[PDB]
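Chemist: just need the structure, nothing else, for what follows:
(one chain, ligands or ions: 2)
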Amino acid sequence: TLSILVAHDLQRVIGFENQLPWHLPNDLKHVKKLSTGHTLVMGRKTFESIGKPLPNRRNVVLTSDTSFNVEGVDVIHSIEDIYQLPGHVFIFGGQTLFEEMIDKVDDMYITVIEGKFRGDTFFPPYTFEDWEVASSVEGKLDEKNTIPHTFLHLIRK
Ligand SMILES: NC(=O)c1ccc[n+]([C@@H]2O[C@H](COP(=O)([O-])OP(=O)(O)OC[C@H]3O[C@@H](n4cnc5c(N)ncnc54)[C@H](OP(=O)(O)O)[C@@H]3O)[C@@H](O)[C@H]2O)c1
Ligand SMILES: COc1cc2nc(-c3nccs3)n(-c3ccc4c(N)nc(N)nc4c3)c2cc1OC
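Modeler: Residues are numbered from 1 along each chain as shown. Ligands and ions are numbered 1, 2, ... in the order given. Now the structure:
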């Protein structure tokens, strides 16, 4: 299976200055649970933003940099390389990767951040005419998670 994982706000903002615009621990937990034991494919900028490979999953980084060789990370240099990766593959970001892969993925696990943030990077537009809502679950709010959010699982019709 080839899936997208993304958190985007009401206007599809996904990032600002190479970081998440919001602090939402529950989104990170959501992503951890979905991807543990599986594969993440991310662009070079997203990788450098996180700063280290995430434990207990395969970390694959897409970059044109032939000097890229980081411990605990596998490197690919083409979009086509993604299709040769076994198991459940998750497209992990960022904007460029999402734009390249939205037409290619089986499904999407979206965290809709129910707010309007300042962004410099965006998830591409999509329509529910193309995507079936497999599930929609309202995120629980507490002291550490104060922004309303909804976990959507969308499957291409
Ligand atoms: N909200 C979310 O779910 C989420 C998740 C992840 C990231 N983000 C955000 O997204 C933003 C980053 O997005 P971005 O588009 O600027 O960067 P990005 O997608 O993370 O990485 C872009 C880089 O990936 C490499 N790349 C992409 N396609 C390639 C291809 N076909 N062949 C070879 N290399 C390729 C290139 O690396 P080289 O220049 O090294 O060649 C390119 O510069 C940040 O703000 C981050 O916080 C948000
Ligand atoms: C150390 O723990 C984490 C740190 C993280 N930093 C990030 C950053 N995102 C953008 C810039 S940095 N995340 C990420 C990375 C990708 C995500 C995606 N595709 N989708 C969703 N929903 N959340 C993400 C969180 C992270 C996810 C993490 O745990 C899973």
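
Chemist: contacts, neighbours, all on C-alpha from now
Modeler: Fine.

Chemist: buried set for the top helix by length along the chain?
Modeler: For the chain, the helix with the greatest residue count under DSSP state H is helix 25-35. Using 16 or more other C-alpha atoms under 10 Å as the test for burial, helix 25-35 gives 26-27, 31, 35.

Chemist: tell me if it is near ligand 1.
Modeler: No. Applying C-alpha under 6 Å from any ligand atom, one finds helix 25-35 separated from ligand 1 by no less than 9.2 Å.

Chemist: going forward, the N-terminal residue is numbered 525.
Modeler: Got it, the first residue is 525 from now on, which makes the last one we talked about helix 549-559.

Chemist: contacts for that helix, please.
Modeler: Helix 549-559 has contacts (C-alpha atoms under 8 Å, 6 or more residues apart in numbering) with 529, 531, 581, 614, 635, 663, 668-669.

Chemist: so is it next to ligand 2?
Modeler: Yes. On the criterion C-alpha under 6 Å from any ligand atom, helix 549-559 is in touch with ligand 2 at 551-552, 555-556.

Chemist: could I get the residues you listed as a markdown table with distance to residue 604?
Modeler: As requested, the residues of helix 549-559 next to ligand 2 are arranged in a markdown table below (distance: C-alpha to C-alpha, whole Å):
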| residue | distance to residue 604 |
| --- | --- |
| 551 | 29 |
| 552 | 28 |
| 555 | 24 |
| 556 | 26 |
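
Chemist: in this structure, which spans are strands?
Modeler: Counting by DSSP state E, one finds strands in the chain at the ranges 526-533, 537-539, 563-567, 582-586, 598-600, 613-617, 631-637, 645-646, 655-662, 673-680.
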